[PDB]
Structures are given as structure tokens and as C-alpha cells.
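Below: one structure, written as C-alpha cells.
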């Protein structure tokens, strides 16, 4: 699962919760645009 | 299996703790339309990089982290970087995510309050971990481990183990060139000494301080060749072990050949030096080609080792590097040689898995991973495992240029496996070897034609040695009537004991009667009757289907857990047929298909049993043949009711026979004859079962319940009437006082039940369109004797 | 909107909500048997 | 009926289908974990 | 010190490395002697004069090292760096050959006579590198091409060789783009950029495009456009149709590209017309979506008449599918390809209980893959609007035909009294007028839109040989149809008045239906009364009861007194229709083009219109 690597890239993000479960969808050949618009809609509420 | 997306998105929604809106379910539907068995997310990572950098508050950190991740060459990096880059374009989205993270962290905190690096050791740990993983995965075969002394007896691989300050310039230059000659072969010199370092890299070389600045700088410019030689010798020696797969060993052999050629070059330089007519400039010019070549090889080796990549993913990395070095002659040729060598074993395995379908997994790096499983298990267990977790695709290892045809490969091989385990495999008429090619059209075309050949031969095999057509003809003969003699004899021989309690039923006598009827008939032409058995399923249609349908509202555990043991079951309900067939012969007949078939057969058989009961009731009463028809009141009124029931059952059975059997059977038998692969016939059979189960409309609680009520009340009337007839006959308690104008009460209940059923049918049809129910109602009330009541009832609802 | 011929897709969705609805019952009843 | 009826019933049916999918996933993980 | 040390140091500097008595002064980023290395001024002058080659070597080494530590530079950049590396290797060869003579002194004059040619070539290379920083992709070719026409035949030859070496990557990229059509560009150096944000049908105008800043120097805008078209066609060959087929010179290179483009376009058109046969798409669309074969719509109306009268809230698709399938199996249209037949369906806009079923009922044809890509939703919407108008016309003509046959049935079956004479004759007259107008309008619409535009489009496409031609022809045909369909913004009044005419037609149809209902009720009452009289006579009662006679006279008198109201309202409706059509004609009198004028003149079959309106004369 690259858990250590997942944490390493999480630190690399260096932003301000995990949310890295989302990477699984990337592993399942999901469209990046679709997930981004999903995030936008989720923010909109 | 493929439902991980739903669980992940549900967890995401729960974590975000948002209830407003329609949720991600529509978004789940949108995501479902981007399915592929591989990845094709290759996009402009440069654009995402620049978009992040322009906003990156600490650019150096991001740059170093991204470069390191690239060095590891891990997948999923491109889409993740894409998402990160486009994230900051929506500042509101970023603020929302930050607020959610703060809330989650605060909630977790509240809940908690209330409630240098040696290289040898690293290599040893890596090899030990890989050995452990491969031993775990193997699980049933000997471990191909090597003796420990291979790493011992050091210096076998070839790693490293007088004043000159005032000397003349030429003399010191000659000494330095001699030392270099001895060091270019990775052997310690006298004035230049390799030194151990910290971390994974080349070895630093120290020289005497008194040596001239210019000469020492020049030899520093020279030594990268020696450093690359040291790194490549370490790579080749340490990667020679069995546990690193075949492809890595092909790479190792190529490196060995190239380094042998380099040794030839350096010894030729030595023999030229023997004449003592060489200097720094000459050797510096001479080494430049080999210098660049060894730079390339060192880069390849360090990248591969730092990525810890093994298998087809290694081929992907090598191909990516080759393309990245496009436009350079010697680099391109070297990469072509290395990739051909690496692909040789991989392409051998691919051809073996494509043409003969024989899987060979010395360490399980091939693109098809096989999971241990059995065949009788799926025939016994309802859960689907064989075609889902037997021959799966490994995504951690992927071939860069085969992704677009990855999934197809799987199917091909699996087809062969079916004809492999059957022990009837033959060499393919075409056996053209597959070879590495910079382009891709040739191999995609060849695998496509191989797939077509495999599909056609598998279909021919099914039509041949397995005769799926005959088995389907048989399974249509049984479970679906059209064996009138067989069914009538079976009923006549089984009715007497069919009413006994199940606990008193032993299927031995049931099967004895079955075989007696089979031998006492003329339907033995079928040669596949020997794969049938009689079972007593411990549940009925009504309860089984109500549990199946009425779920997730209030009945998840309300009445599903109720055990029939608390009640008594008769021999008519549990009775059913089961079919057992071998794996190679008609694998399509799955336990799921058996369940559908048995459900449909038991429903149809119960309807036939009700019809038989009504016909027997008609048979019993004949004393009124030449006696008073009008008199006898309730000994003669029942007549009308019986007529009604008969017509009713007749209607429905006709709708079940001609309006279900004919369409689905014809479409199946037609489309199957044009089926191309096994998936085609599988889909055709699934659609056949769908059509059959939808025709009877057994996919709704209310209609099933009302139909079952009608059947139960009609059966109760039949048995009560036969009780009355028996009581009258024996003369010519509850039984003696069972008549109080019983016919009137039975009709009063039945007419209301039937009108309610028709109202339900009409209401559901008005929203479900279709014409099957239209034909049902048309045949139910063809004449006007029973029309006005339905309209009057429908008027007030 | 749509093309008004979706009713077939409605039946397909019924299939997707009936077949896995059936299999889940077998999984459930197998859970209790052990 | 009206066009809105079809979309409403489809939306609720799809919600039910998603719930079925999550439930069967939670059963399959229980089956595998042993 | 001795000159031997000087030559040793200068040779080291030529390699870019410092010498024993010569260093690089940071004050001028160039090599020079040091104050502790004082010697003859002439020696200093010659050493610095020679150090130019060393300085250029240092600069080129710095550039190549800096741009080689990065893997994001680019493929063309890598080839350029490799060429520079080869040039450095040749320079090293000359250094070695002069070092061979170094053994067993020399003089700076010999160094000059050996190096001045290297001086010239290194100056040319320095001028080539300093015009390349921050540049990548095809622009580098242009940068290289910046020296193609330069003089100095030796420098010209060197730069031409460098161009040929570094042009190979872009040449191979173009060759694969024209043969297989793929863009694996990582830094989007290929002039045909892409936008990974488009679907499989909108890609034709969104994803791929041109790049003016990165146009290859050798080619120009037209060459780029044609090669982009070739790439689009090749990509479409399999990315959508899933079909694949098998496929420096400069003078004929353009001709080679042109011939390749021609053959590829012809093959693409053949693939489209064979695998899909867009001609059949157009044929079926015109035959069905544009109300072609009449029997289809006639049977559809015959089946749906008993249903569409009531509000649209009670319609059902399944009946439509069944009846159209039965018509296909029964009409003369059985020859239709089942594949094309399947893709046909029925379309609903909205449920409006305030409108009859016929109003919102419509149709549509599904599109997918290449067909969807070539049929934009806007064109489909325009065709739907045209179909709406044509369906209204068909509705009115069917209404008139039905009313006329109902006349022929009922009137001939109910001609026994003089009471209905006036009403029936008036209805006959108005029906004749209505059918005349509708028939003329249908003639015009059938022999104007169905044939002319479609015929010219078919003729033009038969000789067409490009997808661009097909799309242009289709859009032009749609524009012509919509312009001649009065749907343009400049024909609002005409359409509004025509719709008013249709509304009056349907209103008078409803009125006549009401009159039919009244007549049927009166017939039923009269026959019932006669039957009751016969039963009274046959049952032993003679004469007519007082109540029976009273009811009979009351009913007949009330119906007779109500009849003149029906006559008057029919007169009023006829006057309204006459006024509406006359103002329609006066509006048309301002006709601009010729077709309208021909219709106006041909409207005079009765020749009884100009009298009411003098302006018509």
C-alpha cells in the first residue's frame, strides 16, 4: 500500500485528517477531472 | 472486488460530515464511466509542476520531494500531482478542506482527551524481505535460495579492497597514468585510493596533496568512469541472485557482456601504453565513448536499484529511459540492445502464456497472477471466485507499452487454461514468435489475431467435446415442462408421499421413484439424465423471495432470522431438483444458474400441482352426471367456482409457457449460434435467466404476496371440498361442521383477492408500460361475464 | 429530457438491484450457518 | 406521471443500489478476513 | 619561467582546466597570467590571444553540463547537447594530436596556425549556443535555421550538419504523427499541442490545435494545417472507428505530404461510407425525421388518433414503439436496415396538461461515436424545430382530411331533414376553402424544402471527398432549410400569423366535432322515440301518450331554436378565418424573394380573394 510512501507524499504536500484514501481511486484509473469536480462540489455543499 | 470505489466514497462523505445535496452517488455514476483495466493518465506533469511552483511557498522542498518520488518511479504520481496543481485554483475548495481538517483534528483531540547509512545492511534487509515475500507467495513449492558464500569470499565480484611531490613532471604523469590504468579496472592503485562513503553512491577517490592542481583536476574529470564501473560491478554482483527475477538477470548478463568489452578496451589501452608512448590527453580522448556509455549504464543501474523495481515494470522503466534518450544514436542503440535482452525472457513467458496458455511464475512477475482455488468449491458455494480471483491482473507490475491491450491478454490465456486443464490442448497453427519492437502495431495485431483464434477454438471445443447445445436442450426439457409424460408420471407417483412432513422425507425413495419413472417411459433418448438429483430446500418461494426483496427498509433483521424449524414444512415446498456437472463440461451452468432454474421450476411445478388438484376435484364429482343438476345446492353451486379457478390457472400457465419460453428460448438459441467468445454466451445465458424471471414478475413483494394468497386459498378450498365429498361418500367434529354455505365464503374471499390482484397489476403496468400484463389481462377476461366489476373497483381507489 | 426509450435502462437498473440483492441473501444466510 | 417522476424514482433506486453495493462490500470483507 | 611550462599550461587551459601560471580572473571571467607569473609582455599577449578557445570551451561545457543535469530539457535539446558533445570530442582529438607534437618546445605561432580554424568554428558554435537559452522544441530548429542562410561555407556546412542531426527527432515525430498519429510529448514540444480535458466527440475542436510560437521553421501555416488534418484523420481511424490499416528530401517533401493527405482522406471517407455509410444516415434521417415516406406518418396518426386527443399527461412510449414496429412489419418500408431502424425513437419535451397530446409529441434520432461527433446538438435542435413545424402542418392536413371523410360519412348517413341543410353546406364550403389552402401550402413545402435543398446537398456530397466538405455542406443545408422555413428572426410576423391560422383551423375542427356530437345525440333520441312508439303500438297501446308528445315537441323545438345559434357561430368563425387569411395575404404581399411571389400568384385557384382587399389588385 506504500503506507510509508503515502505518508512521505502527504508530508511533501506540506499544507496547513488523512484523505489519502482518495489515492485508491487514482489506482483504479479514475479521471482526474472527475475527482477534482467531485472535490469542488463537495466544497460547494 | 470492483466495489472499493463505493466504500471509499462513502467513507469520504462520512469523514467530511456533509448531509446537504444529493451526495456523491450521482458523482459515483459519473466516475463509473471512466473504467479501464490499466492506467492512461499520462498528462503534462510539467504544467502541474509549474502551477504548483508558482504557488509553492517553499519551492525547494517541493522540488526535492518530487524529484525523489520520480527517482522511486512510483505510479499514481502523475494524477496526484495534477490534482494538487489544480487544487489551489479553487481557493474556496482549499479553505473548505482546511476547515474540515481542523474540525476533524479538534474532534480527535477532544475524543482522546475524554477517552552513516551502511549499504551492506540495507541490501541484506532488502534481499531478506524479498525472499520472505516470495516464500509467502509461493506457498507449496521449494524455495530457490543460494548458498550464503556467494556473498562471501569477497573480492570475487571485483570491488575495491614513495614520494612524488618533488618528482619530475613527466615521471609523475607516467605514474599517475599507470595508477589510473590499474584503477579503471576497479583495482586500488598506489597514489589514488578509493574510500568508503555514506549513503548509496559511488566511491570517492583520494590522491596525494602534493600532486599538481591541474593534473589532479584532470584525473578528477577522468574518474567518473571508475565510479560508474564500481557502481555497475556492485549492481551486477548483488543483482545476480535468483530472487530478483528473470528480467533483472537478463539485464545483468547484458551488463556483464558490456563490461567485458570495456575490459577488452582497457587492456588494449594497456598494451598500447606498454610501448610507453601515451599521456593524459590521449587516454582522455580515447575513453570518452566508453565514458558516456558507462555513465548511461550507471544511471540505469542506480535508477533500477533505488526504485526496487522488478518484473514488467522494469521493462516499462527501461522503455521510458530509451524513449527519453531518443535522438541520440549510440544511446538509442545501447537502449535497444538492453531492452531486447531484458524482454527476451519476458517475451518467452508471454508467448508461452499466449499460444499454449501455460503459466510459468518462477517468482510471479508475469502480468497474470494465479490464485490457488478449486473447482468443486464454486459448484458448491454460491459466491463468485473463479473468474474473478483466479487469474487476476497485477497492477504493481505493468508493461508500459502493453497497457492498451493488457486486459485482452488475460482473456486469451484464461481461455487456453480451460482447454489446458481439460487435457486436450494442441499446438496453435501459427507459432510466430513475439519480438520487441519500438513501434506497437505489429504485436497488438498479433495478439489480437491470437485472441480471435483462441476464442474460435474454444467455442469449437464447447460445441464439440462438451456439446453445450445438447446440455442446454436437456436443461430446457427438464425444469421447464415439455416432458408431459415424464411430469404426469412423476406427479402420479409422488403425490401420495408429497404431503408428508419434510422431517419424515428421505430422498432415497424420491430418487428411486424418479429413476423408476425414467425407465418406465420413452424419453430416454437424452444421454444426460444422469446428472440430476432431488433435494429438499429448507425454505419456500414466498418466504425466500420476501426475504430477498423486502430489505433495507425495516426488515433487514425483523423477520429474516426467523427459522422454519419453529414451524412444520410439508414435502411439497422443499422439494426441488438439482444438477451437477463437471468443470470442463458446461462450466456455464453455475450454482447461481442452478438457483434460478430451481426457483423457476418449483414455481411452475407448484402451479402445475394446483392445476392437477383442480382437475382431480373435477374428476371426483360425477354422481351428478344423470342426477338433479339444479338441486343439492352447495353440492352443486361449487361448480361455478371451479370453472373460474380453472380458467384463471389456465390463463396464467399459458402466459408462462408461450409468452416466456418461446421468446427467451428463441433469442438465446439464435444469439448463441452467433456467439464469438465465452463472455458472449455467458451474457446470453444471463439475459435468458433475466427474461424468464422477469416474465413471471417475481421481482415485487406485493404481487408475489397476493399471488401466494390466491394459491393458498384455492388450495384450501380444494382440500375442504374433497373433505366434504369424502364425508358425503362414506355416509352414502370440525369436518362435520365445516359447511355453513362454505362456497359462499370462499367465493367472497377469492373474488376480492382476485380483483385486488388485478388492480395491483393495472396500477403497476400503468407505470411499467410493457404489454405482457396487457396480454395477461386480455386473456383473463376475454368475455364480458367478469368485466364491469374491475372497472367499478378501479373507479374508486 | 432523455430519449424516452430509457425504460429498458430502467429494467437494467432493476436487474442491477435484483441480482446482487439475491446474492447478498445467500451471503447473509451463510454467515449465520457457521 | 411526468418527466420528473422518472428522474425521482431513478434517483431513489440508484441510492438503494449504492446502499446494496456498500452492504455487499461489507459482507465480502467479512468473508475474506477469515 | 620557461616556455615549456607556458605551453603545458595553455594546453591545460584548452581543456578548460587551470594552468600552473595562468588562472581565470573573476574580474573579467576570462583567463590571464598572474602577478606572480611575470614574464615577457609578448608572452602574455599571445597567451591571452590563444585563451579565447579555452574560454569558449569553458562556456560550452558549462552550458551543456547545466542543461544535462536536468531531464526536463527535451528530446531536441538532448540531440543538440549530443551534437555539441561530438564537437567537443573532435576538439579533444585536435588537442591530442597537437599534444603528440608537444613531446620533443614548439612555438605560439604553431599554436595559432593550428588553432585559428578551431577558433573560427568555436566562434560559430558560441554564436549558436548564445541564441538558444530558454528555448526548446521546434523553435530551436528555427534558431538553428537562423544560420542556414549564413555565409562562411565551412561554418554553413557545420551548422547544416548540426541541423540535420538535430532535426531527426522532429522528423520522426512528424512521421509517426502522420502514420500512426500519437503525441507522447512530455513537454509539449510538438507543434500540435493537446488539451487532456475533452471527451471522445468534442475532441474535434477542443483537444488538439496548432501552436504559432512553436511552428517548425521548415514548414509554414498551410503545411501545419494539412498535417494536423492528416493527424486528426489517422487518430480517428482507430480511436473512434477502431480500424487500422498499413500506410533529407525537401523538394518533393511537400508533394509527398500532399499525396499522403489525399490518399489518407480518400481512405478515411471510404471507411466512413462503408463501415457506417453516412449516406444511409442522411437518407434515413430525411425519410423519417424530416417526414419523408408518407405512409409511415399516416399509419402513426391512424394508430395514435384515439390517444393524443386528450391532454399529454396520459401518453405511453411502449405503445408508440409497438405501433411503429408493426407499421415497419406491415408498411412498404420493410426493406429498411434493422440497424438503422433500431436507432430511431420518440422524443418528449415536457408534460403540458393545458395542451393536447398531439402538441408536445415529437421524435428524435440517437447519435453516437463518429455520427455524434459529426452531428452537433445544435444542428439536431434546429432539425427538431423544423420537424415541429412540419408536424404541425401534417397535423392540420390530417385534421382536414379526417373532417372531410367524417362529412362524407355522417352527412350522407344523416340527410333526411332540411334542418341541417344550411349548416352542412356552410361546413362543406369552409372545409373546401381550408383544404385548398392546406393542400397548396403542403405542395409548396414538399417541392421546396424536401427536394431542392436535399437534392443539391446530395449532388454536392457525391463529388465531395473530405470530412470538412461534408460538415460544411450539412451546415449550409441546415441554414438554407431554416431560412426558407420562415424560422429566421426576420419572419416572425409570418410565422405568428400562420400559427394563428392553424389555431383557427383547430378551433373550427373542435366546433364541428361538437356539432357532430349534437347531431349524433339527436339521432339517438329520435330513433329511441321511434322504437318506443313501435313498442307502444305493438304492446296494445294506440296513439302517443300526452307526456311522450310533449317531450317530443319540446325537444325538437328547443333543438330547432338552438340551430340558428350554431349557424351564426359558424358564420362568425368563417369571418374570422377569412380576415386572418386576408391579412396573411396582405403581409405576404411584401414578399422579398421569388418563391413567396409564386405562391401568392398560385393562390388564385378560386380567384376570389382580391375583391375583399383592393390592395391585392
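All of the numbers you see were taken from the coordinates with simple rules; none came from a lab. Here the Cβ positions follow ideal geometry from the backbone for every residue, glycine too, while neighbour counts run over all protein chains shown.
Observations on the structure shown:
- Pick from the range B:1-49, criterion in a loop (DSSP other than H, G, I, E, B) and closer than 15 Å to residue A:22 by Cα, ranking: farthest from the other protein chains (Cβ to nearest Cβ): B:24
- Checking the range E:173-196 against the condition returns no match, with no residue being facing another protein chain (nearest Cβ under 10 Å), under 41 Å from the mean Cα position of the chain (by Cα), under 23 Å from residue E:128 (Cβ atoms) and surrounded by fewer than 16 Cβ atoms within 10 Å (Cβ to Cβ).
- Members of the range E:72-95 found to be part of a loop (DSSP other than H, G, I, E, B) and within 9 Å of chain B (Cβ to nearest Cβ), listed by number: E:72
- Elements of type helices (runs of 4 or more DSSP H) in the range B:680-797, at least 2 residues being within 14 Å of chain E (Cβ to nearest Cβ): B:742-768, B:772-780
Conditions (1) surrounded by 15 or more Cβ atoms within 10 Å (Cβ to Cβ); (2) within 14 Å of chain E (Cβ to nearest Cβ); (3) more than 24 Å from residue B:187 (Cβ to Cβ); (4) touching a strand residue (DSSP E or B) at 6+ places or on another chain (Cβ under 8 Å), marked per residue:
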| site | (1), (2), (3), (4) |
| --- | --- |
| B:289 | no, yes, no, no |
| B:293 | yes, yes, no, no |
| B:298 | yes, no, no, no |
| B:306 | no, no, yes, no |
| B:315 | yes, no, yes, no |
| B:319 | yes, yes, yes, no |
| B:326 | yes, yes, yes, no |
| B:337 | no, no, yes, no |
| B:340 | yes, no, yes, no |
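Okay, residues lined up against (1) out of contact with any helix residue (DSSP H, G or I) (no Cβ under 7 Å at 6 or more places or on another chain); (2) surrounded by fewer than 16 Cβ atoms within 10 Å (Cβ to Cβ):
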residue	(1), (2)
A:1	yes, yes
A:16	no, yes
A:23	no, no
A:29	yes, no
A:32	no, no
A:36	no, no
A:42	no, no
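So that you can scan it fast, the table gives a plain yes or no per residue for (1) part of a helix (DSSP H, G or I); (2) surrounded by fewer than 16 Cβ atoms within 10 Å (Cβ to Cβ):
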| residue | (1), (2) |
| --- | --- |
| B:491 | yes, yes |
| B:503 | yes, yes |
| B:526 | no, yes |
| B:534 | no, no |
| B:559 | no, yes |
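- Where residue B:405 falls short, out of the listed (1) within 14 Å of chain C (Cβ to nearest Cβ); (2) touching a helix residue (DSSP H, G or I) at 6+ places or on another chain (Cβ under 6 Å): (1)
- Residue in the range B:135-154 that is crowded, with 16+ Cβ neighbours inside 10 Å and more than 14 Å from every other protein chain (Cβ to nearest Cβ) present: yes
- If the condition is being in contact with a helix residue (DSSP H, G or I) (Cβ under 8 Å, 6 or more places away or on another chain) and more than 9 Å from chain A (Cβ to nearest Cβ), then the range B:57-86 contributes B:59, B:63, B:70, B:71, B:73, B:81, B:85.
- Of the helices (runs of 4 or more DSSP H) lying entirely inside chain A, not one is found with 3 or more residues being touching a strand residue (DSSP E or B) at 6+ places or on another chain (Cβ under 7 Å), farther than 27 Å from residue B:25 by Cβ and more than 7 Å from every other protein chain (Cβ to nearest Cβ).
- Among the residues of the range B:87-97, those identified as surrounded by fewer than 16 Cβ atoms within 10 Å (Cβ to Cβ), in a helix (DSSP H, G or I) and more than 7 Å from chain A (Cβ to nearest Cβ) are B:91, B:95.
- Conditions (1) more than 30 Å from residue B:402 (Cβ to Cβ); (2) assigned to a helix (DSSP H, G or I); number of the one not met by residue B:71: (1)
- Qualifying positions in the range B:617-639 - closer than 30 Å to residue B:698 by Cβ and out of contact with any helix residue (DSSP H, G or I) (no Cβ under 8 Å at 6 or more places or on another chain): none
- Looking only at the range C:1-18, and only at residues there that are within 8 Å of chain B (Cβ to nearest Cβ) and within 17 Å of residue B:596 (Cα to Cα), the one that is nearest to the chain's Cα centre (by Cα): C:18
- Residue E:238 meets each of the listed conditions (1) within 14 Å of chain B (Cβ to nearest Cβ); (2) more than 20 Å from the chain's Cα centre (by Cα) apart from (2).
- Considering the conditions (1) within 14 Å of chain C (Cβ to nearest Cβ); (2) surrounded by 18 or more Cβ atoms within 10 Å (Cβ to Cβ), residue B:543 is excluded by exactly one of them, (2).
- Leading residue by the ranking (farthest from the other protein chains (Cβ to nearest Cβ)) among those in the range B:98-134 that are exposed (fewer than 10 other Cβ atoms within 10 Å of the Cβ) and assigned to a helix (DSSP H, G or I): B:120
- Taken residue by residue, the range E:14-24 has at least one member that is assigned to a helix (DSSP H, G or I), surrounded by 16 or more Cβ atoms within 10 Å (Cβ to Cβ) and in contact with a helix residue (DSSP H, G or I) (Cβ under 6 Å, 6 or more places away or on another chain).
- Test for residue E:385: is it over 30 Å from residue E:234 (Cα atoms), surrounded by fewer than 15 Cβ atoms within 10 Å (Cβ to Cβ) and under 22 Å from the mean Cα position of the chain (by Cα): yes
- All positions within the range B:478-509 that are in contact with a strand residue (DSSP E or B) (Cβ under 9 Å, 6 or more places away or on another chain) and under 17 Å from residue B:530 (Cα atoms): B:478, B:479, B:507
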